Amino acid sequence: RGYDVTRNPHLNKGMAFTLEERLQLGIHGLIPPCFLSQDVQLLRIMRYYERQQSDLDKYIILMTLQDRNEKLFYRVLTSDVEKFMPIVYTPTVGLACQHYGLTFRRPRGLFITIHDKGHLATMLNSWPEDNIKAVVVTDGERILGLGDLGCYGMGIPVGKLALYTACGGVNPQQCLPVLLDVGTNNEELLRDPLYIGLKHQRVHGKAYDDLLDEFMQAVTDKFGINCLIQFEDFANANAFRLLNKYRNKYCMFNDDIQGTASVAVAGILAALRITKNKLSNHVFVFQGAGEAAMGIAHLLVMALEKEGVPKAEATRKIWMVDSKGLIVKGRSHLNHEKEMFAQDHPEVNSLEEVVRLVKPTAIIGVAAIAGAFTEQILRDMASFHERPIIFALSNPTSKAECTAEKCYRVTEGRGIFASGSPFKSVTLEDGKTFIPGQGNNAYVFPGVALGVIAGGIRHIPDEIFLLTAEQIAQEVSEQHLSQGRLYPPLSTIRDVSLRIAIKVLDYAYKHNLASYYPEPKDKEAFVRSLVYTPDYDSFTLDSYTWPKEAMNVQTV
Amino acid sequence: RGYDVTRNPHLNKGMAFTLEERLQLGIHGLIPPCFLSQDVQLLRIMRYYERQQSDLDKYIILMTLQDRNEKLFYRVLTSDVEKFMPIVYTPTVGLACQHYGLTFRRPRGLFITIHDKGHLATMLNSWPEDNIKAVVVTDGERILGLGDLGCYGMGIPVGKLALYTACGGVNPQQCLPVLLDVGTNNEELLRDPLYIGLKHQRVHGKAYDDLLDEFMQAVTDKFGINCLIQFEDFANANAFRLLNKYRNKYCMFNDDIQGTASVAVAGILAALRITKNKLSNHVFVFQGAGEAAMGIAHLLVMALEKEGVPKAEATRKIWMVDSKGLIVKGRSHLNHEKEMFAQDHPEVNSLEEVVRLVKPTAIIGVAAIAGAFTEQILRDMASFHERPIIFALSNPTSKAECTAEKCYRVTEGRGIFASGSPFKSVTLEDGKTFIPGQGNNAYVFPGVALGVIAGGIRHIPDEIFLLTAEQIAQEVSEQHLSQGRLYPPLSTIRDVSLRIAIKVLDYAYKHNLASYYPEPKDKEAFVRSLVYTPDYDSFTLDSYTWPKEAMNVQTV
Amino acid sequence: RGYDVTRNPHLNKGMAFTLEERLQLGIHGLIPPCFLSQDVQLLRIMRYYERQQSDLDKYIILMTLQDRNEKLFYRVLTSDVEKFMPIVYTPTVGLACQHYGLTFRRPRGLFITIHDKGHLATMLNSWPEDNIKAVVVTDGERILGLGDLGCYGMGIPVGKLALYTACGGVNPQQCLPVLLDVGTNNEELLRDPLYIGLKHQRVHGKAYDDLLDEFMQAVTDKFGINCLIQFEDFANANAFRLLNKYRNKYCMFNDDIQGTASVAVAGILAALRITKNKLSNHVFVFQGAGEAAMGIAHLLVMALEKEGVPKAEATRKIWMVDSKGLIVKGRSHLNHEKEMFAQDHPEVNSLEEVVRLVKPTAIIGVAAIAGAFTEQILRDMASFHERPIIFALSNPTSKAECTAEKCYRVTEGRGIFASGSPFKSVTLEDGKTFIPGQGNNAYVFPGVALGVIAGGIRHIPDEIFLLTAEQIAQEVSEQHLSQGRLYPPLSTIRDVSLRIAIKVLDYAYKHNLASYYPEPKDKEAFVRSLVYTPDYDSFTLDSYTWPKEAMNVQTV
Ligand SMILES: NC(=O)c1ccc[n+]([C@@H]2O[C@H](COP(=O)([O-])OP(=O)(O)OC[C@H]3O[C@@H](n4cnc5c(N)ncnc54)[C@H](OP(=O)(O)O)[C@@H]3O)[C@@H](O)[C@H]2O)c1
Ligand SMILES: NC(=O)c1ccc[n+]([C@@H]2O[C@H](COP(=O)([O-])OP(=O)(O)OC[C@H]3O[C@@H](n4cnc5c(N)ncnc54)[C@H](OP(=O)(O)O)[C@@H]3O)[C@@H](O)[C@H]2O)c1
Ligand SMILES: NC(=O)c1ccc[n+]([C@@H]2O[C@H](COP(=O)([O-])OP(=O)(O)OC[C@H]3O[C@@H](n4cnc5c(N)ncnc54)[C@H](OP(=O)(O)O)[C@@H]3O)[C@@H](O)[C@H]2O)c1
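Here the protein sequences come in this chain order: C, A and B. 222 is the number that the entry's author numbering gives to position 222 of the first sequence; each next residue is one higher, with no gaps. 111 is the number that the entry's author numbering gives to position 111 of the second sequence; each next residue is one higher, with no gaps. 527 is the number that the entry's author numbering gives to position 527 of the third sequence; each next residue is one higher, with no gaps.
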């Protein structure tokens, strides 16, 4: 291999190459003469990492470490995943993508543009690894609420793929981050000279659709029909349209639509363990008719049907509010997606009145509208139903409809709170401590992706996401439930991911969805054999010896 | 690529590289300055080929051409497959393996020994290609009736794999010929200084079984559970034992046992189109209780059961003779394999008396006993039943129980003759011309392997071989049947193979055997897209161009 | 390295790779499981080699062996160089080039055409090895008296380069055979469909000259000014013109012009040890005014001047005959090259009269005119001077002006005979046995090239060829001289080459011609360290170990 094995981040072990490995690889002298363990390398990386002030500097450190030594990169991540998930992925990856071209030093991933239509097979051949299982493609049109970042959005798939491996166990060498650059509508990037992008307006219409059709066709031609393809950060229209288009053709799933739904429903089912009742006797108010809200409502209707509730009566438990009030009889703008959860009721001005009108047991806020949950709302909630459920899922801590402390005070410490952004612990009256859980999509897609890749699941129906939500809800301990924590601690997410994979494996084998033929009897060991570990592999050559009568050199 | 693309027989096009391809590959100057077509290269190879006298020289020419330019090699083969099948495979490959080490110049295939137990994964990693679909492993213990040739037997898988691609359409780059060298019992090779082998007696018992277990495990670990593994030229005991062992664990099949059966039953079903009756009203006498005879009898019993005949009454139509006479009540040596077709009858001395005793409609000779079919036998055959069936399947033309002319004379030109060795046309009384067909295993395994590889069929049950026999029997034209030709002409075998593949594909999709998930609606086009053609691929790089406003170099 | 180290003839050891080497190279399994010595491989090659009938088959065997295992190829050659020099080089290489495209299977060397002018640097980059010392370029215009063979002539440089390594010690990996294809005038090849060539008439004039200028410029740009460039088998006009053009610009030499001269003068100086006199008292008659004759005459004039003879009186000892008679006062066609050795004498009809007119002590026949040396001539020679010298140097044994037996009879066993073609021993009257030596160019260019490459000699003046002739003449033993053997036996040529190299090294260091700076004190050991040996190198990796306190893995 030689000098090339040190420029390969999947093979490069740095100073952890033993002397024997350096001699056998032809890289002796290229490494300093110290032989470290991954622990000492981790200590060096940590000492250099803590010496930064801004989170962008830490992100840059981690990304350079990923380009240098991937096993050490994932050792850093899995070292304390709860502290490195905010850096490698949201929210830090957002400000990273905002200033991508500024700090952009090494290109990561695969950039496929609209002007490449017809030649995507070759561009996929540009990628070094040819055994690819997962593909996180992104469009750049709607990133982390920052909006259209265009080709700057490459940090989002890359970052997300880290969570595939750090959180789940997906072998990072089988993961390919793609960015489909169809232009950008961000005028700030159309004039930015540092914009590493395409610098014209978005190509939309049939050209964009043909580009994505060919992308799916080419990805599955080169890597197989079992290649899991996750769509990430597409526009609402495009997100749902392409989800319904390639839902049943490829192993495609969209985590903004389905991972959000799965984690929200997991939180709701976990709160059911606190309320001590059935999902049937809950009525849900949504504070948005959005991409996340529709997904959460659809998976919630599915969870209600699974409990033995007809489709119409289950839908009649979901009330939504979209910038105008409750979605009602042909009100002013309801497209066919809001028509489904439309209630047959007089029109309501705002959320704060429809909470009183239809007293809900569980309110869910997905609008990125800060302060939408008033003191009035939470007070009347705790008055109507004992132990109400509040889900301020808005991603930016600023945009949260309600904070932990506000909800816990106004509900007199009697409301199950959960959020999308981390609110730390809350102490109140009479020493009631609450640890408001953080509904993180990382609870869903790592284990789901691990199970799909393990079993070669051909398609991801909504039932997989529902049983994933059920498994996540079962992951929470009784002790944690006593503290209002609706989700398992992220320090265990790896195990959680495993326990999801096995489960989504069983389902796929009982519904004839898996393609891995010799169906493993012990699916846990099967999935564990595929969980990528940051531990270093040995690069030494096995030198065995034949008996010294079959290996003798003939001198006749 | 450079100089390395001319030492790769799969990529090397010789002087057929265009000037543009040579400039783009970095090999300009390494090729003489003439630009040929594959036709002119074929003419050169043919002019050099016809200038040899012994068939071993032609075999050496073809094998060197395979090591040089594989697409030209298969162009030579598919140019006239009926004249190059005897050279690349039996019978010429037999005398080639007999004098292998003598003319041995370039090692072909993969040599895995008994002393490599535990390290077969690395030896499989030695093979350049990593996308392997077919694996023809051989043992060397029983080659072409020449007996134990040991490691000299590597010509048999290699040669056979050529028929996978020349006869069928299997991409030769996905084929791996293996030789399991466990030693040899041929004392002639234990002292031959030119023996490229292991030079001790055969390792047998549990060591050999563990070696083969690990071989199957390692082949399917590296290349997948869908890797078709054909066992070839094993000892009778080992052949049947390993066939029944890995029958349902891997995509294994043994062509000496199952391809022989399939082609013999195909001949019988084709002769049914001449006799104009059903298989039920036929009684079969076998002239051997052997590896081929048992297989033919089992597939024939299956074909009878398919026509609506119980298992016992179907078995009661098969009479066998093994060196002692008819297999009867506990006669002297009947192991459990001959017990199945044992008839409850008084013991018979020889075949020539049991033909008179049980007058058969169809006699099959598989004993390599020359002249076993006497004038007496064929005469009384043509007397008992009008239009009898004679199958002198013994492989060496010398060992044939009966010749074409003898059978056609004694049966007064009224007997369907078929043989395993080529007997050319026969003219007789009253201008009756007969073209005695040659039952060749190449009718079976190329199309079966093509369909298995196309559909990723997990296992090969006997029903695939039976429907293959049926398809082969349907391949024969009415005109050819008027001439006593029981098998389709080999000049069409490629198409025949295709028509088998599609068929063995349909079956595999209606019995949930195929693993290729997006089941093709048009299976013919699907299989045709995988049929390897000798035509040269273009090595030029596709150079497209973005619109001249997205590809402009920024000079700010 | 893997599978690629077995397709590289310089690295491929065949079955001589030990088990450890196969495991360390990643080629275990690709080789049969026998471990041979180069002796056993030599035995296999010899057993397969002796089973051919025509010399062309043996040439093809050796050339395939060269393409497979180069160290075994040169082991075969140096095994008995006297029996493989006729096969790899003249005369067999001539009939090989005549039927090149017929048996052409693997392209060898570098084909540079006239239509490549401007891009020869890239074509030189096509060659795998980048450390090239020797370059035998050929034109194809005059090959071995067969005439214009065009691009078929590639066997001549390749073959000749074998003699660089088998006879001398030149590392074959540093040798590059080139063919400059400027077309061909052979109408037989312009219509031959198997002609691997350019198929138009020769490009001549300034285009050809610019092509060769750029060839020299590009070869020395890529490989250095020290790259020895031997011109071989050019047309007489082109041969001499380009020799005088690039004589002092590059390390160029032409062996048809200068190697012929060196070996002929070596024979003459050796015969001086039999005549027991000085070169000054010899008068020489040449039977040709040709490319070889002019060179021999010029080097002979130089040898006479070295003995203390003025230029004019030395030239006045050379008499030549060219198809018209003695070259005399402005006779009919004398170009400026024949003007030099023109004698001021009445015109003579034929050679047989000018031998009587000017009675010579030494006659040299270079005209390819069979029988030019009559019984009359040799008789009057032995009558005029006691112990005369006859040099029937014509290359084809058919074209020899005189045979060994004829000369030895007519001279009553008193004439030093030497020829260019092998005449075996001669017994005569009174048991006088003579071993007529064969003046072979292989006595000259291997050792000269070895010394030039060793010392990096910048230019090859005629003095190097003269001292080479002197060393060759000193190589002959007194015992061999008693038998009329003028040249050392070829079984010692390797040592001879060494003894020439060292000598041509000393000269180059005492005339400031060598470029190897740290001038070796022991030049013999220096040249021996560069003599390529067919012995196999070890491919194992050296695995040393640091003290077990500097190599311990830090776990802090
Ligand atoms: N796991 C997680 O924690 C997670 C995951 C994903 C998203 N989220 C959060 O959830 C939110 C979902 O947004 P999205 O991008 O999926 O959907 P979106 O496309 O942003 O749609 C937002 C919806 O909210 C409605 N809305 C806007 N202003 C409102 C107001 N003042 N009162 C009531 N409703 C209002 C809008 O209705 P109109 O149709 O009238 O505009 C719109 O349909 C995001 O802001 C994100 O922060 C959390
Ligand atoms: N496609 C084809 O055309 C094709 C394919 C494969 C094979 N073949 C031919 O068919 C033959 C099958 O041989 P195999 O290797 O498969 O089986 P095998 O192991 O050679 O067994 C041969 C059987 O014939 C019996 N036998 C021996 N001598 C006999 C005699 N004088 N009279 C009657 N029976 C006798 C033996 O019975 P015991 O048990 O008493 O020894 C033995 O069981 C081969 O010789 C081959 O030439 C043709
Ligand atoms: N080491 C060796 O043993 C060695 C090496 C090289 C060559 N040779 C032999 O030496 C010969 C040299 O030929 P070359 O190619 O170097 O020169 P060339 O170009 O073949 O010239 C041959 C010369 O011989 C003259 N000639 C032709 N016919 C004649 C006749 N009937 N009587 C007298 N002279 C005649 C011609 O003179 P015009 O000018 O009047 O035509 C011509 O100049 C070759 O044939 C070759 O066989 C031997």
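Heads up, the beta-carbon is just placed ideally off N, CA and C, and yes, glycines get one too.
Closest in C-alpha terms to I369(B), from the list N186(B), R331(B), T403(B), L179(B), comes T403(B).
Nearest to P177(A) by C-alpha distance, out of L25(A), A261(A), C151(A), is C151(A).
One finds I196 in chain A with Cβ atoms closer than 7 Å to the Cβ of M15(B), taken in chain order.
According to the DSSP assignment, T165(A) belongs to no beta strand (DSSP E) but to the alpha helix (DSSP H) extending over 155-166. Within the same chain, and ignoring the five residues on either side of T468(A) in sequence, the residues whose Cβ sits closer than 8 Å to its Cβ are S262, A266, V444, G447, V448, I500, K503, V504.
Residue pairing from DSSP places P177(B) in a beta bridge opposite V136(B).
Assignment of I377(C) by DSSP, reduced to helix, strand and coil, places it in the helix class.
CA-to-CA, the gap between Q438(B) and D256(B) works out to about 16 Å. Contact between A418(B) and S394(B) does not hold, since the beta-carbon distance rounds to 12 Å and is not under 8 Å.
Looking at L300(B), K245(B), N440(B), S425(B), the one whose alpha-carbon comes closest to that of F434(B) is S425(B). Under the three-state reduction of DSSP output, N512(C) falls in the coil class, being neither helix nor strand. When rounded, the separation of the alpha-carbon atoms in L179(A) and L466(A) is 29 Å.
The beta-bridge partner set that DSSP reports for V426(C) consists of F434(C). In the three-state scheme derived from DSSP, where H, G and I count as helix and E and B as strand, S419(C) is classed as strand. With respect to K317(B), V283(B) sits close: the two C-beta atoms are nearer than 7 Å. Taking non-hydrogen atoms of ligand 1 into account, the C-beta of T260(C) is found less than 6 Å away from one of them.
Contact of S543(B) with chain C by beta-carbon distance below 8 Å involves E20, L23, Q24. At least one heavy atom of ligand 1 lies closer than 6 Å to the C-beta of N236(C). Within the same chain, Cβ atoms closer than 7 Å to the Cβ of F234(C) are found at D139, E141, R142, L242, the five residues on either side in sequence being excluded. CA-CA distance, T103(C) to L19(A), rounds to 44 Å. Less than 7 Å divides the Cβ of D462(A) from the Cβ of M302(A). At a cut-off of 7 Å, the C-beta of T113(B) has a neighbouring C-beta in chain A. When C-beta distances to chain A are compared with 7 Å, the residues of the stretch 206-234 of chain C below that value are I225, in chain order. Counting along the chain, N277(C) sits inside no alpha helix (DSSP H), nor does DSSP assign it H or E at all. If you compare the alpha carbons of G109(B), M320(B), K160(B) with that of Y89(B), the shortest gap goes to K160(B). Identification of chain B residues near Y487(A) by a Cβ-Cβ cut-off of 7 Å yields none; the smallest Cβ-Cβ distance measures about 36 Å.
Counting C-beta atoms within 10 angstroms of its own C-beta, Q258(B) has 16 or more neighbours from the protein chains shown and is therefore classed as buried.
In the structure shown, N254(B) falls within a strand segment according to DSSP collapsed to helix, strand and coil. For the stretch 44-76 of chain B, the residues whose beta carbon sits under 8 Å from a beta carbon of chain A are, in order, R44, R47, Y48, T64, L65, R68. Burial check for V556(C): the Cβ neighbour count within 10 Å stays below 16, so the residue is exposed. Distances from the CA of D542(B) to each of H10(C), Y250(C), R22(C) were compared; the closest alpha carbon is that of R22(C). Residue-level contact check: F539(B) does not touch chain C, since none of the beta carbons of chain C fall below 7 Å from its beta carbon.
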